[PDB]
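[1] my sequence and its experimental structure, below.
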Amino acid sequence: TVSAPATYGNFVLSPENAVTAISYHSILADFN
Amino acid sequence: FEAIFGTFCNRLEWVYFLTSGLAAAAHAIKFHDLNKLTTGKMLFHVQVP
Amino acid sequence: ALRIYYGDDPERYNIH
Amino acid sequence: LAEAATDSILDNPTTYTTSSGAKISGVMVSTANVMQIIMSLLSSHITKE
């Protein structure tokens, strides 16, 4: 009895585009 | 005798970036150094009238 | 996520 | 010279505003002698605000 995945994997989003987006918000006028 | 009178330093005038007129020509931001802005040049989609 | 990836102000710039 | 410069992408309108609501739209910079000649020649356009 082999153990295959139940359903397909669901993709994740890396937490490095967060510090890309904040660094790109820093170029713009204001975050708030 | 010889009279060694008072001694004098020189008060050099400090000068800051943000207190200068060149600071209006920029958008100076202290920012913690990352690799992500350096590994990639930016792209800009500017709309033309 | 809306303020984070897409940005603060929707006018005069967007993050695409 | 002041007219020939074009605009920029990320311009902040709340920065480098003077008193009486006027807006600074750039900065010119020269040596001390050229600045003194411009001041002594164009004293009818130079204020201190």
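    Arrived safely. Numbers count the residues shown, from 1 in each chain, chains lettered A, B, ... in the order given.
[2] ok, stretch A:12-24 near chain D or not?
    No. Using C-beta under 8 Å from any C-beta of the partner chain, no contact is recorded between stretch A:12-24 and chain D, whose separation bottoms out at 10.4 Å. Every C-beta, even on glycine, is put in place using the N, C-alpha and C of the backbone.
[3] how many neighbours does residue A:25 have?
    21 (other C-beta atoms under 10 Å in any protein chain shown).
[4] wait, I meant residue B:40
    The number of residues near residue B:40, taken as other C-beta under 10 Å, comes to 9.
[5] right, and residue C:9 touches residue A:29 too?
    Yes. Residue C:9 lies in contact with residue A:29 (C-beta atoms under 8 Å); the separation is 6.8 Å.
[6] so which of these two has more stuff around it?
    Applying other C-beta under 10 Å to residue C:9 and residue A:29 shows that residue A:29 carries more neighbours, namely 16 against 13.
[7] enumerate the residues of chain B near chain D.
    B:21-22, B:24-25, B:27, B:44, B:46.
[8] recalculate using a threshold of 7 Å.
    Counting by C-beta under 7 Å from any C-beta of the partner chain, the residues of chain B lying close to chain D are B:21-22, B:24-25, B:44, B:46.
[9] so which residues on chain B come close to chain A?
    Within chain B, the positions adjacent to chain A are B:29, B:31, B:34, B:36-37 by C-beta under 7 Å from any C-beta.
[10] ignore what I typed, I meant chain D.
    On the criterion C-beta under 7 Å from any C-beta, chain A has as its neighbours in chain D the residues D:10, D:12.
[11] the helices in chain D, which residues?
    Counting by DSSP state H, residue ranges of the helices within chain D are D:32-41.
[12] how about the residues of it by chain B?
    Close to chain B, as judged by C-beta under 7 Å from any C-beta, chain D has residues D:9, D:16, D:24, D:27, D:29.
[13] could you identify which of those has the most neighbours?
    With neighbours set by other C-beta under 10 Å, the maximum within these is found at residue D:16, which has 15 neighbours.
[14] count of neighbours near residue A:28?
    The burial count assigned to residue A:28 is 17, neighbours taken as other C-beta under 10 Å.
[15] pretty sure it is touching residue D:10, no?
    Yes. In this structure, residue A:28 sits in contact with residue D:10. The criterion is C-beta atoms under 7 Å, and the distance is 5.5 Å.
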